[PDB]
Protein chains: 2
Amino acid sequence: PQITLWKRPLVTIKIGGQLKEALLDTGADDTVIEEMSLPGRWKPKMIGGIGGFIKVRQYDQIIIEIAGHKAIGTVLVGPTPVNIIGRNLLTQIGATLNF
Amino acid sequence: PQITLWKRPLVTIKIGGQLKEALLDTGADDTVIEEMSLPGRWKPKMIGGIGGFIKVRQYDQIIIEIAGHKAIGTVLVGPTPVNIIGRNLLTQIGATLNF
Ligand SMILES: COc1ccc(S(=O)(=O)N(CC(C)C)C[C@@H](O)[C@H](Cc2ccccc2)NC(=O)O[C@H]2CC[C@@H]3C[C@H]4CO[C@@H](C)[C@@]42O3)cc1
Ligand SMILES: [Cl-]
Ligand SMILES: [Cl-]
């Protein structure tokens with residue numbers, strides 16, 4: 001699809017058996033999802049943005065369906081106000097910015 | 001151009017006669033620039049990101065060249081870690097997300 005930016009680029013994602021809405025975010029290096037339960041080992045990480053830093057749990061090798069496209073990568077879980085699909089997964093679905 | 005996302009989508013901007021580097025950020029509603037002096041009166045705004053809220057100064061009808069494309073619009077100035085080009089200006093240069 002071609003997504004215009006008059007509105008937030010929100011899509012439906014499937015992760016950990018749950019459906020969620022998430023923002024396609026070219027400004028995010030990594031993918032950050034609100035507090036949920038995921039299987040496997042995790043390690044703690046601090047990530048920073050506007051306002052400062054939050055502590056997240058880093059899960060590796062997570063499968064996520066983004067607008068019907070399967071992709072795998074690291075997912076950070078923590079108290080983010082919005083679910084964010086970052087560049088580490090946008091590349092896997094072949095997303096580009098065009099102008 | 002067509003910009004893939006294996007690297008941060010950084011571009012050169014020209015604002016107030018200075019060259020700066022900025023991130024093309026589909027996850028940002030508005031454009032946020034580091035501390036500088038800009039012309040005119042400003043209004044207050046409170047914006048929230050991943051790590052809380054910051055106070056910024058809102059300047060309207062500012063001329064900004066983004067990767068050679070002229071835009072004229074609202075710029076927020078404050079303690080952001082990186083210069084961010086948000087959707088308010090991405091729409092002016094015709095940017096879309098494609099996959
Ligand atoms: C290592 O991995 C990562 C991954 C993600 C982040 S990040 O999340 O800190 N960040 C990074 C950039 C700010 C440099 C990604 C960036 O796209 C971020 C995502 C977002 C959107 C909503 C809520 C929370 C986060 N946008 C945003 O802060 O926008 C703000 C600021 C501009 C206007 C004013 C606000 C109104 O509400 C939001 C939409 C805002 O739009 C950092 C590190
Ligand atoms: Cl990854
Ligand atoms: Cl590619």
# chains A, B, ... in the order shown; residues from 1 in each chain; ligands from 1
call {"tool": "residues_near_ligand", "arguments": {"ligand": "ligand 3", "cutoff": "12 Å", "atoms": "only C-alpha atoms and all ligand atoms", "output": "list in words"}}
result
residues 87, 89, 90, 91, 92, 93, 94, 95, 96 and 97 of chain A; 2, 3, 4, 5, 6, 7, 98 and 99 of chain B
call {"tool": "write_last_selection", "arguments": {"atoms": "N, CA, C and O atoms", "output": "PDB file, in the first residue's frame"}}
result
ATOM      1  N   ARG A  87      12.289   0.817  12.749  1.00  0.00           N
ATOM      2  CA  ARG A  87      12.981   0.475  11.498  1.00  0.00           C
ATOM      3  C   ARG A  87      13.419  -0.981  11.458  1.00  0.00           C
ATOM      4  O   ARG A  87      13.497  -1.575  10.372  1.00  0.00           O
ATOM      5  N   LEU A  89      11.890  -3.605  12.110  1.00  0.00           N
ATOM      6  CA  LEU A  89      10.874  -4.421  11.455  1.00  0.00           C
ATOM      7  C   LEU A  89      10.331  -3.804  10.165  1.00  0.00           C
ATOM      8  O   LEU A  89       9.903  -4.556   9.278  1.00  0.00           O
ATOM      9  N   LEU A  90      10.343  -2.464  10.026  1.00  0.00           N
ATOM     10  CA  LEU A  90       9.901  -1.845   8.771  1.00  0.00           C
ATOM     11  C   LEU A  90      10.752  -2.315   7.593  1.00  0.00           C
ATOM     12  O   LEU A  90      10.244  -2.473   6.473  1.00  0.00           O
ATOM     13  N   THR A  91      12.052  -2.527   7.808  1.00  0.00           N
ATOM     14  CA  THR A  91      12.878  -2.996   6.694  1.00  0.00           C
ATOM     15  C   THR A  91      12.423  -4.375   6.226  1.00  0.00           C
ATOM     16  O   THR A  91      12.493  -4.686   5.031  1.00  0.00           O
ATOM     17  N   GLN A  92      11.974  -5.224   7.161  1.00  0.00           N
ATOM     18  CA  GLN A  92      11.658  -6.608   6.821  1.00  0.00           C
ATOM     19  C   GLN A  92      10.416  -6.704   5.952  1.00  0.00           C
ATOM     20  O   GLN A  92      10.266  -7.671   5.198  1.00  0.00           O
ATOM     21  N   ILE A  93       9.519  -5.723   6.030  1.00  0.00           N
ATOM     22  CA  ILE A  93       8.349  -5.709   5.165  1.00  0.00           C
ATOM     23  C   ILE A  93       8.570  -4.847   3.926  1.00  0.00           C
ATOM     24  O   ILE A  93       7.632  -4.630   3.152  1.00  0.00           O
ATOM     25  N   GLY A  94       9.798  -4.379   3.704  1.00  0.00           N
ATOM     26  CA  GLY A  94      10.130  -3.608   2.521  1.00  0.00           C
ATOM     27  C   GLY A  94       9.588  -2.195   2.493  1.00  0.00           C
ATOM     28  O   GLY A  94       9.385  -1.637   1.410  1.00  0.00           O
ATOM     29  N   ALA A  95       9.374  -1.583   3.654  1.00  0.00           N
ATOM     30  CA  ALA A  95       8.833  -0.226   3.672  1.00  0.00           C
ATOM     31  C   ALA A  95       9.873   0.806   3.240  1.00  0.00           C
ATOM     32  O   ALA A  95      11.040   0.748   3.630  1.00  0.00           O
ATOM     33  N   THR A  96       9.432   1.790   2.455  1.00  0.00           N
ATOM     34  CA  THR A  96      10.286   2.900   2.071  1.00  0.00           C
ATOM     35  C   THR A  96       9.528   4.208   2.267  1.00  0.00           C
ATOM     36  O   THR A  96       8.295   4.238   2.250  1.00  0.00           O
ATOM     37  N   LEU A  97      10.291   5.282   2.467  1.00  0.00           N
ATOM     38  CA  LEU A  97       9.783   6.647   2.430  1.00  0.00           C
ATOM     39  C   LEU A  97      10.038   7.212   1.047  1.00  0.00           C
ATOM     40  O   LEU A  97      11.171   7.165   0.562  1.00  0.00           O
TER      41      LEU A  97
ATOM     42  N   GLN B   2      13.655   7.723  -3.113  1.00  0.00           N
ATOM     43  CA  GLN B   2      13.121   6.602  -2.355  1.00  0.00           C
ATOM     44  C   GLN B   2      14.137   6.275  -1.271  1.00  0.00           C
ATOM     45  O   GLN B   2      15.313   6.047  -1.570  1.00  0.00           O
ATOM     46  N   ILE B   3      13.694   6.270  -0.020  1.00  0.00           N
ATOM     47  CA  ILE B   3      14.584   6.131   1.125  1.00  0.00           C
ATOM     48  C   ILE B   3      14.257   4.807   1.807  1.00  0.00           C
ATOM     49  O   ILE B   3      13.134   4.609   2.283  1.00  0.00           O
ATOM     50  N   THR B   4      15.220   3.880   1.807  1.00  0.00           N
ATOM     51  CA  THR B   4      15.055   2.681   2.617  1.00  0.00           C
ATOM     52  C   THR B   4      15.443   2.975   4.062  1.00  0.00           C
ATOM     53  O   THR B   4      15.984   4.035   4.394  1.00  0.00           O
ATOM     54  N   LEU B   5      15.170   2.007   4.937  1.00  0.00           N
ATOM     55  CA  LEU B   5      15.189   2.291   6.370  1.00  0.00           C
ATOM     56  C   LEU B   5      16.229   1.462   7.109  1.00  0.00           C
ATOM     57  O   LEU B   5      16.156   1.323   8.332  1.00  0.00           O
ATOM     58  N   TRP B   6      17.215   0.925   6.383  1.00  0.00           N
ATOM     59  CA  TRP B   6      18.305   0.199   7.013  1.00  0.00           C
ATOM     60  C   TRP B   6      19.189   1.127   7.826  1.00  0.00           C
ATOM     61  O   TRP B   6      19.853   0.671   8.759  1.00  0.00           O
ATOM     62  N   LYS B   7      19.201   2.415   7.496  1.00  0.00           N
ATOM     63  CA  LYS B   7      19.864   3.460   8.256  1.00  0.00           C
ATOM     64  C   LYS B   7      18.813   4.484   8.691  1.00  0.00           C
ATOM     65  O   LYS B   7      17.714   4.534   8.122  1.00  0.00           O
ATOM     66  N   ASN B  98       5.542   3.518   1.775  1.00  0.00           N
ATOM     67  CA  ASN B  98       5.144   2.512   0.793  1.00  0.00           C
ATOM     68  C   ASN B  98       5.699   1.142   1.161  1.00  0.00           C
ATOM     69  O   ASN B  98       6.872   1.014   1.514  1.00  0.00           O
ATOM     70  N   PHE B  99       4.861   0.120   1.052  1.00  0.00           N
ATOM     71  CA  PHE B  99       5.346  -1.257   1.137  1.00  0.00           C
ATOM     72  C   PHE B  99       4.404  -2.204   0.408  1.00  0.00           C
ATOM     73  O   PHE B  99       4.583  -3.422   0.411  1.00  0.00           O
TER      74      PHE B  99
END
call {"tool": "calpha_fit_and_write", "arguments": {"fixed": "chain B", "moving": "chain A", "output": "PDB file with C-alpha atoms, in the first residue's frame"}}
result
ATOM      1  CA  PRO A   1      14.135   9.886  -3.756  1.00  0.00           C
ATOM      2  CA  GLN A   2      13.334   6.459  -2.338  1.00  0.00           C
ATOM      3  CA  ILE A   3      14.807   6.122   1.168  1.00  0.00           C
ATOM      4  CA  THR A   4      15.323   2.655   2.611  1.00  0.00           C
ATOM      5  CA  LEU A   5      15.124   2.194   6.371  1.00  0.00           C
ATOM      6  CA  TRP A   6      18.232   0.090   7.065  1.00  0.00           C
ATOM      7  CA  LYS A   7      19.579   3.297   8.667  1.00  0.00           C
ATOM      8  CA  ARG A   8      17.969   6.337  10.241  1.00  0.00           C
ATOM      9  CA  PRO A   9      16.407   8.545   7.523  1.00  0.00           C
ATOM     10  CA  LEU A  10      18.525  11.640   8.153  1.00  0.00           C
ATOM     11  CA  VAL A  11      18.467  14.595   5.746  1.00  0.00           C
ATOM     12  CA  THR A  12      19.890  18.102   5.613  1.00  0.00           C
ATOM     13  CA  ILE A  13      17.520  20.953   6.410  1.00  0.00           C
ATOM     14  CA  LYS A  14      17.922  24.719   6.193  1.00  0.00           C
ATOM     15  CA  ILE A  15      16.076  26.739   8.848  1.00  0.00           C
ATOM     16  CA  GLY A  16      16.669  30.254  10.163  1.00  0.00           C
ATOM     17  CA  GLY A  17      19.733  30.614   7.944  1.00  0.00           C
ATOM     18  CA  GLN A  18      21.360  27.546   9.544  1.00  0.00           C
ATOM     19  CA  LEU A  19      21.987  24.062   8.162  1.00  0.00           C
ATOM     20  CA  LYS A  20      20.999  21.142  10.389  1.00  0.00           C
ATOM     21  CA  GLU A  21      20.509  17.390  10.140  1.00  0.00           C
ATOM     22  CA  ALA A  22      17.054  16.072  10.917  1.00  0.00           C
ATOM     23  CA  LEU A  23      15.153  12.798  11.034  1.00  0.00           C
ATOM     24  CA  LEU A  24      12.237  12.173   8.633  1.00  0.00           C
ATOM     25  CA  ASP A  25       9.764  10.926  11.220  1.00  0.00           C
ATOM     26  CA  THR A  26       6.356   9.532  10.258  1.00  0.00           C
ATOM     27  CA  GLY A  27       5.589   8.938  13.960  1.00  0.00           C
ATOM     28  CA  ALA A  28       5.858  12.649  14.874  1.00  0.00           C
ATOM     29  CA  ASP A  29       2.738  14.803  14.416  1.00  0.00           C
ATOM     30  CA  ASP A  30       4.775  18.012  14.474  1.00  0.00           C
ATOM     31  CA  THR A  31       8.302  19.157  13.691  1.00  0.00           C
ATOM     32  CA  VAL A  32      10.622  19.636  16.686  1.00  0.00           C
ATOM     33  CA  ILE A  33      13.993  21.393  16.399  1.00  0.00           C
ATOM     34  CA  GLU A  34      16.715  21.823  19.023  1.00  0.00           C
ATOM     35  CA  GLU A  35      17.133  25.152  20.852  1.00  0.00           C
ATOM     36  CA  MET A  36      17.870  27.952  18.397  1.00  0.00           C
ATOM     37  CA  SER A  37      16.805  31.538  17.794  1.00  0.00           C
ATOM     38  CA  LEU A  38      13.934  32.215  15.394  1.00  0.00           C
ATOM     39  CA  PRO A  39      12.157  35.504  14.693  1.00  0.00           C
ATOM     40  CA  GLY A  40       8.575  36.278  15.583  1.00  0.00           C
ATOM     41  CA  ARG A  41       6.097  35.631  18.348  1.00  0.00           C
ATOM     42  CA  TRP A  42       5.835  32.179  19.890  1.00  0.00           C
ATOM     43  CA  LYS A  43       3.591  30.502  22.380  1.00  0.00           C
ATOM     44  CA  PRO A  44       4.491  27.843  24.943  1.00  0.00           C
ATOM     45  CA  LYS A  45       3.396  24.263  24.422  1.00  0.00           C
ATOM     46  CA  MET A  46       3.859  20.905  26.171  1.00  0.00           C
ATOM     47  CA  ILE A  47       4.504  17.862  23.953  1.00  0.00           C
ATOM     48  CA  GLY A  48       4.722  14.251  25.074  1.00  0.00           C
ATOM     49  CA  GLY A  49       6.490  11.128  23.903  1.00  0.00           C
ATOM     50  CA  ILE A  50       8.476   8.269  25.324  1.00  0.00           C
ATOM     51  CA  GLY A  51       9.723   9.355  28.722  1.00  0.00           C
ATOM     52  CA  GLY A  52       7.137  12.089  29.265  1.00  0.00           C
ATOM     53  CA  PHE A  53       6.640  15.722  28.275  1.00  0.00           C
ATOM     54  CA  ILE A  54       8.886  18.652  27.358  1.00  0.00           C
ATOM     55  CA  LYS A  55       8.118  22.351  27.061  1.00  0.00           C
ATOM     56  CA  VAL A  56       8.675  23.866  23.612  1.00  0.00           C
ATOM     57  CA  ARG A  57       8.200  27.204  21.908  1.00  0.00           C
ATOM     58  CA  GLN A  58       5.685  27.086  19.043  1.00  0.00           C
ATOM     59  CA  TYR A  59       6.564  29.193  15.989  1.00  0.00           C
ATOM     60  CA  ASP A  60       4.083  29.552  13.142  1.00  0.00           C
ATOM     61  CA  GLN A  61       4.609  30.182   9.416  1.00  0.00           C
ATOM     62  CA  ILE A  62       8.284  29.147   9.395  1.00  0.00           C
ATOM     63  CA  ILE A  63       9.937  28.421   6.052  1.00  0.00           C
ATOM     64  CA  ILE A  64      12.140  25.325   6.028  1.00  0.00           C
ATOM     65  CA  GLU A  65      14.093  23.678   3.205  1.00  0.00           C
ATOM     66  CA  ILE A  66      13.993  19.863   3.462  1.00  0.00           C
ATOM     67  CA  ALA A  67      16.398  18.026   1.139  1.00  0.00           C
ATOM     68  CA  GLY A  68      16.082  20.966  -1.235  1.00  0.00           C
ATOM     69  CA  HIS A  69      12.266  21.171  -1.023  1.00  0.00           C
ATOM     70  CA  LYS A  70      10.737  24.379   0.338  1.00  0.00           C
ATOM     71  CA  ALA A  71       7.882  24.051   2.826  1.00  0.00           C
ATOM     72  CA  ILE A  72       6.179  26.233   5.424  1.00  0.00           C
ATOM     73  CA  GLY A  73       4.491  25.393   8.702  1.00  0.00           C
ATOM     74  CA  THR A  74       4.675  25.329  12.471  1.00  0.00           C
ATOM     75  CA  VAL A  75       7.983  24.477  14.116  1.00  0.00           C
ATOM     76  CA  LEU A  76       8.411  23.569  17.785  1.00  0.00           C
ATOM     77  CA  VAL A  77      11.716  24.595  19.396  1.00  0.00           C
ATOM     78  CA  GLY A  78      12.950  22.967  22.572  1.00  0.00           C
ATOM     79  CA  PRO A  79      15.302  20.488  24.261  1.00  0.00           C
ATOM     80  CA  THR A  80      14.772  17.595  21.871  1.00  0.00           C
ATOM     81  CA  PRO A  81      17.734  15.175  21.552  1.00  0.00           C
ATOM     82  CA  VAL A  82      17.300  14.967  17.740  1.00  0.00           C
ATOM     83  CA  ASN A  83      15.859  17.323  15.129  1.00  0.00           C
ATOM     84  CA  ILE A  84      12.583  15.788  13.934  1.00  0.00           C
ATOM     85  CA  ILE A  85      10.682  16.559  10.711  1.00  0.00           C
ATOM     86  CA  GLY A  86       7.103  15.563  11.507  1.00  0.00           C
ATOM     87  CA  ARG A  87       4.000  14.915   9.394  1.00  0.00           C
ATOM     88  CA  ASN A  88       2.979  18.578   9.269  1.00  0.00           C
ATOM     89  CA  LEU A  89       5.949  19.233   6.951  1.00  0.00           C
ATOM     90  CA  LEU A  90       6.361  15.743   5.389  1.00  0.00           C
ATOM     91  CA  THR A  91       2.979  16.185   3.694  1.00  0.00           C
ATOM     92  CA  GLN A  92       4.126  19.456   2.103  1.00  0.00           C
ATOM     93  CA  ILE A  93       7.009  17.745   0.298  1.00  0.00           C
ATOM     94  CA  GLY A  94       4.734  14.900  -0.846  1.00  0.00           C
ATOM     95  CA  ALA A  95       6.318  12.167   1.269  1.00  0.00           C
ATOM     96  CA  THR A  96       4.611   8.774   1.399  1.00  0.00           C
ATOM     97  CA  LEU A  97       5.254   5.449   3.118  1.00  0.00           C
ATOM     98  CA  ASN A  98       5.220   2.561   0.645  1.00  0.00           C
ATOM     99  CA  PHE A  99       5.208  -1.198   1.201  1.00  0.00           C
TER     100      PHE A  99
END
call {"tool": "decode", "arguments": {"residues": "region 22-54 of chain A", "atoms": "N, CA, C and O atoms", "output": "CSV table (one decimal), in the first residue's frame"}}
result
chain,number,residue,atom,x,y,z
A,22,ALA,N,-0.7,-0.2,16.0
A,22,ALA,CA,0.6,0.3,16.2
A,22,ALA,C,0.9,1.3,15.1
A,22,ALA,O,0.4,1.3,14.0
A,23,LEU,N,1.9,2.2,15.4
A,23,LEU,CA,2.3,3.3,14.6
A,23,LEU,C,3.5,2.9,13.7
A,23,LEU,O,4.5,2.3,14.3
A,24,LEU,N,3.4,3.1,12.4
A,24,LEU,CA,4.6,2.8,11.5
A,24,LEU,C,5.5,4.1,11.7
A,24,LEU,O,5.2,5.2,11.3
A,25,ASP,N,6.7,3.8,12.3
A,25,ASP,CA,7.5,5.0,12.8
A,25,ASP,C,8.9,5.0,12.3
A,25,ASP,O,9.8,4.3,12.8
A,26,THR,N,9.1,5.8,11.2
A,26,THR,CA,10.5,5.8,10.7
A,26,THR,C,11.5,6.4,11.6
A,26,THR,O,12.7,6.3,11.4
A,27,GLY,N,11.0,7.2,12.6
A,27,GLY,CA,12.0,7.8,13.6
A,27,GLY,C,12.4,6.9,14.7
A,27,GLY,O,13.2,7.4,15.5
A,28,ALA,N,11.8,5.7,14.8
A,28,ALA,CA,12.1,4.8,15.9
A,28,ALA,C,13.1,3.7,15.4
A,28,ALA,O,12.9,3.0,14.4
A,29,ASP,N,14.3,3.6,16.1
A,29,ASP,CA,15.2,2.6,15.7
A,29,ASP,C,14.7,1.2,15.9
A,29,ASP,O,14.9,0.3,15.1
A,30,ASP,N,14.0,1.0,17.0
A,30,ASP,CA,13.5,-0.3,17.4
A,30,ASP,C,12.0,-0.3,17.6
A,30,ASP,O,11.4,0.8,17.6
A,31,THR,N,11.4,-1.4,17.8
A,31,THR,CA,10.0,-1.6,18.0
A,31,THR,C,9.7,-1.7,19.4
A,31,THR,O,10.4,-2.4,20.2
A,32,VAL,N,8.7,-0.9,19.9
A,32,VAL,CA,8.4,-0.8,21.3
A,32,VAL,C,6.9,-1.0,21.5
A,32,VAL,O,6.1,-0.3,21.0
A,33,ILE,N,6.5,-2.0,22.3
A,33,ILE,CA,5.1,-2.4,22.5
A,33,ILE,C,4.8,-2.3,24.0
A,33,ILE,O,5.6,-2.5,24.9
A,34,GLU,N,3.5,-1.9,24.2
A,34,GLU,CA,3.1,-1.7,25.6
A,34,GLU,C,3.2,-3.0,26.4
A,34,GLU,O,3.2,-4.1,25.8
A,35,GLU,N,3.1,-2.9,27.7
A,35,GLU,CA,3.3,-4.0,28.6
A,35,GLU,C,2.3,-5.2,28.3
A,35,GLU,O,1.1,-5.0,28.3
A,36,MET,N,3.0,-6.3,27.9
A,36,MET,CA,2.2,-7.6,27.7
A,36,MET,C,3.2,-8.7,28.1
A,36,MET,O,4.4,-8.5,28.4
A,37,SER,N,2.6,-9.9,28.1
A,37,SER,CA,3.4,-11.1,28.4
A,37,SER,C,3.9,-11.8,27.1
A,37,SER,O,3.1,-11.9,26.1
A,38,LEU,N,5.1,-12.1,27.0
A,38,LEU,CA,5.8,-12.8,25.9
A,38,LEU,C,6.6,-13.9,26.4
A,38,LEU,O,7.1,-13.8,27.5
A,39,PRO,N,6.8,-15.0,25.7
A,39,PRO,CA,7.6,-16.1,26.2
A,39,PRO,C,9.1,-15.9,25.9
A,39,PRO,O,9.4,-15.2,24.9
A,40,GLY,N,9.9,-16.5,26.7
A,40,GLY,CA,11.3,-16.5,26.5
A,40,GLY,C,12.1,-15.7,27.5
A,40,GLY,O,11.5,-15.0,28.4
A,41,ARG,N,13.4,-15.7,27.3
A,41,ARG,CA,14.3,-14.9,28.1
A,41,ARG,C,14.2,-13.4,27.6
A,41,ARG,O,14.0,-13.2,26.4
A,42,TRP,N,14.5,-12.5,28.5
A,42,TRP,CA,14.6,-11.1,28.1
A,42,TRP,C,15.7,-10.4,28.9
A,42,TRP,O,16.2,-11.0,29.9
A,43,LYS,N,16.2,-9.3,28.4
A,43,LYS,CA,17.2,-8.6,29.2
A,43,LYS,C,16.7,-7.1,29.3
A,43,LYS,O,16.0,-6.6,28.4
A,44,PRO,N,17.1,-6.5,30.4
A,44,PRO,CA,16.7,-5.1,30.6
A,44,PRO,C,17.4,-4.2,29.7
A,44,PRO,O,18.6,-4.4,29.4
A,45,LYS,N,16.8,-3.1,29.3
A,45,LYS,CA,17.4,-2.1,28.5
A,45,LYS,C,16.7,-0.7,28.8
A,45,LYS,O,15.6,-0.7,29.2
A,46,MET,N,17.5,0.3,28.7
A,46,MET,CA,17.0,1.7,28.8
A,46,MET,C,17.0,2.4,27.4
A,46,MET,O,18.0,2.3,26.7
A,47,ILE,N,15.8,2.9,27.0
A,47,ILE,CA,15.7,3.6,25.8
A,47,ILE,C,15.3,5.1,26.0
A,47,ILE,O,14.5,5.3,26.9
A,48,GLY,N,15.7,6.0,25.2
A,48,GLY,CA,15.5,7.4,25.4
A,48,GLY,C,14.8,8.0,24.2
A,48,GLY,O,15.0,7.7,23.0
A,49,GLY,N,14.0,9.0,24.5
A,49,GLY,CA,13.3,9.8,23.5
A,49,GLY,C,13.0,11.2,24.0
A,49,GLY,O,13.7,11.7,24.9
A,50,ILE,N,12.0,11.8,23.5
A,50,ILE,CA,11.5,13.0,24.1
A,50,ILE,C,10.9,12.8,25.5
A,50,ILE,O,10.0,12.0,25.7
A,51,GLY,N,11.4,13.6,26.4
A,51,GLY,CA,11.0,13.4,27.8
A,51,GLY,C,12.1,12.7,28.6
A,51,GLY,O,12.1,12.9,29.8
A,52,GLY,N,12.9,11.9,28.0
A,52,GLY,CA,13.9,11.1,28.8
A,52,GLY,C,13.8,9.6,28.5
A,52,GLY,O,13.4,9.2,27.4
A,53,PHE,N,14.2,8.8,29.5
A,53,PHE,CA,14.4,7.4,29.2
A,53,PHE,C,13.3,6.5,30.0
A,53,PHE,O,12.9,6.9,31.0
A,54,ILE,N,13.0,5.4,29.4
A,54,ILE,CA,12.2,4.4,30.1
A,54,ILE,C,13.0,3.0,30.0
A,54,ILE,O,13.8,2.8,29.2
